[PDB]
> 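Before anything else, here's the structure in question.
Letters A, B, ... mirror the listed sequences (proteins, then strands); counts begin at 1. Just so it is clear, the values below take in all heavy atoms, side chains as well, and ignore hydrogens, waters and symmetry mates.
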Amino acid sequence: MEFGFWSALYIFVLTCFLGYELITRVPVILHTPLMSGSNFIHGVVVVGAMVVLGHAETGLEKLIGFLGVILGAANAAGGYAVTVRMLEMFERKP
Amino acid sequence: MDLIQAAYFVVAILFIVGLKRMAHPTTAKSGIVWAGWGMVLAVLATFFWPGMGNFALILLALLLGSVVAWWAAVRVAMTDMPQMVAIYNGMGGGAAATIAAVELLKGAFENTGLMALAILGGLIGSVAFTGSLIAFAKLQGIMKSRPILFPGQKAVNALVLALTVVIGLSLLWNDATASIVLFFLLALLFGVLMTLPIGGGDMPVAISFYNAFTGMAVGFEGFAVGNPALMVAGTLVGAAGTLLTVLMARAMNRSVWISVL
């Protein structure tokens, strides 16, 4: 699943310019909900820990990969739930 | 593996549209939803990766992590969301660190440059792990919120960072198991050291900064192991988080340098 060096390098700078630019002009009241939403996105680290656990051959590799999938899964699920709760604050009162 | 590439392509788009929509008040609620679909598709696609085993371990770990995290998120008072961001952030940084540790232990890198990337993501993920745990413990009550100051702390912290970086670099020449374990333990200790002097009111900035760090770590692991889902999402959040930390500092009347050192 690897891309070449130069293509990967383009992908790195373009995504970096992009992430920076999408946050200019965020209003102050969205600072913490955005931190939380962006926190949930880097949650996708669970996937890379899945591949590690999935190729692990020894007890140690398995144990370290097992722990990473838990940690990754926690970031994704808890980060999702927290962000959903904060963004209820962009509604009224039923 | 065109279908996994296609899936990951779709995930990056959903995260980008999600992030964009979260930055504006009128579309913010919908933005977490687009992002959530991306995460579901990423996890689903990943079971089809070539050569995967340990499917029961994987599924068990996914379930343990996500149920307990979900269970904690929905039961805490709303007033407690900044600390919950911290602990979930810490955990992701830990997850990047584990990817780097296993690959360094396997000696999986034939390329020196891909090795360096794996090493850098491991330092940064580790620091964010213990750094984010201290931020949580301080705001939660497990520790007091006040600065923990001492004789010659700045110099101690710098000396630990310098030593963490020397031992990390040395792995490019000799990757003995003892050196690996020592590098991680020193990066973990540094996360602790760095957050100790930070008081309660300054802690949102530090947490934003560790958020940026985990993103970067996730991105770096992505490039090192050749996973596009992590390359894009990690780089996107690293960059967005870096700026977001500057903005939070300016709004809270301060500098990032002032809080962090």
> Checking an interface table here. Which of residues 9-19 of chain B come within a heavy-atom distance under 4.5 Å of chain A?
B:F15, B:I16, B:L19

> Determine the minimum heavy-atom distance between A:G78 and B:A73, stating which atoms define it.
O-CB, 4.1 Å

> Give the member of B:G31, B:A217, B:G36 that has the highest number of heavy-atom pairs under 4.5 Å with chain A.
B:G36

> Considering non-hydrogen atoms only, spot the tightest contact between A:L53 and B:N54 and give its length.
O-OD1, 2.9 Å

> Take a 6.0 Å sphere around CH2 of B:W37 and say whether it holds more than 12 heavy atoms from other residues, nucleotides or ligands.
no

> Name the member of A:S38, A:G68, A:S36 that forms the most heavy-atom pairs with chain B at distances under 4.5 Å.
A:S38

> Of all heavy-atom pairs between A:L87 and B:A28, which one has the smallest distance, and what is that distance?
CD1-O, 3.4 Å

> Do the non-hydrogen side-chain atoms of A:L71 and B:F129 ever get within less than 4.5 Å of each other?
yes

> Between OG of B:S66 and CG of A:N75, what distance do you get to the nearest 0.5 Å?
12.0 Å

> Could you check if a side-chain atom of B:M39 sits within less than 4.5 angstrom of a side-chain atom of A:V44, using non-hydrogen atoms only?
yes

> Name the option with the most non-hydrogen atom pairs under 4.5 Å to chain B; the candidates are A:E91, A:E21, A:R25, A:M50.
A:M50

> Can you say whether A:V82 sits under 4.5 Å from chain B via the side chain, the backbone, both, or neither, judging by heavy atoms?
both

> Looking at A:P33, A:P27, A:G48, which makes the most heavy-atom pairs under 4.5 Å with chain B?
A:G48

> How many angstroms lie between atom CG of B:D80 and atom CZ of A:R85, to the nearest 0.5 angstrom?
9.0 Å

> Among B:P50, B:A229, B:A69, B:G219, who wins on heavy-atom pairs under 4.5 Å with chain A?
B:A69

> Counting heavy-atom pairs under 4.5 Å to chain A, which of B:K20, B:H24, B:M78 comes out on top?
B:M78

> Where do B:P228 and A:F3 come nearest, in terms of heavy atoms and distance?
CG-CZ, 3.8 Å

> I need the B:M84 CE to A:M86 CE distance, nearest 0.5 Å.
12.0 Å

> As a quick check of understanding, evaluate side-chain contact (heavy atoms from CB on, under 4.5 Å) for A:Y80 and B:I32, giving each step before the final call.
CA-CA 8 Å; A:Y80 184 77; B:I32 190 51; 3.7 Å; yes

> Please find the pair of heavy atoms, one from B:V74 and one from A:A81, that lie closest to each other, and give the distance.
CG1-CB, 4.3 Å

> If you count the non-hydrogen atoms of other residues, nucleotides and ligands that lie under 6.0 Å from CZ in A:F17, is the total more than 12?
no

> Count the heavy-atom pairs under 4.5 Å between each of B:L236, B:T98, B:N211, B:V76 and chain A, then report the option with the highest count.
B:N211

> So do A:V46 and B:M91 actually touch side chain to side chain, heavy atoms under 4.5 Å?
no

> Are the side chains of B:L244 and A:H31 in touch, meaning some heavy atoms are under 4.5 Å apart?
yes

> Under 4.5 Å between any side-chain heavy atoms of B:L60 and A:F66, yes or no?
yes

> Please report the C-alpha distance between A:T32 and B:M81 in whole Å, then the side-chain angles of each, then the deciding distance to 0.1 Å, and finally whether the side-chain contact (heavy atoms from CB on, under 4.5 Å) criterion is met.
CA-CA 9 Å; A:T32 76; B:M81 295 304 177; over 6 Å; no

> For the candidates B:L57, B:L64, B:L63, which exhibits the highest count of non-hydrogen atom pairs separated by less than 4.5 Å from chain A?
B:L57

> Could you tell me which of B:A72, B:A101, B:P25 has the largest number of non-hydrogen atom pairs under 4.5 Å with chain A?
B:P25

> If you round to the nearest 0.5 Å, how far is OG1 of B:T235 from CD1 of A:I11?
9.5 Å

> Taking all heavy atoms of A:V45 and all of B:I99, pick out the closest pair and write down the distance.
CG2-CD1, 3.8 Å

> Just wondering, do B:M22 and A:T83 contact through their side chains at under 4.5 Å, heavy atoms?
yes

> Checking side-chain contact (heavy atoms from CB on, under 4.5 Å) between A:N39 and each of B:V85, B:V237, B:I207, which is the one that passes?
B:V85

> When you look at CZ of A:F90, are more than 12 heavy atoms from neighbouring residues, nucleotides or ligands closer to it than 6.0 Å?
yes

> Distance check, rounded to the nearest 0.5 Å: A:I41 atom CD1 versus B:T214 atom OG1?
13.5 Å

> Find out whether A:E2 and B:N227 are in side-chain contact, i.e. whether some heavy atom of one side chain is under 4.5 Å from a heavy atom of the other.
no

> Which of the residues A:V26, A:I23, A:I29 is involved in the greatest number of heavy-atom pairs with chain B at under 4.5 angstrom?
A:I23

> Taking the side chain as every heavy atom from C-beta outward, state whether B:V102 and A:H55 have any pair of such atoms under 4.5 Å apart.
no

> Between CG of B:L62 and CD1 of A:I70, what distance do you get to the nearest 0.5 Å?
9.5 Å

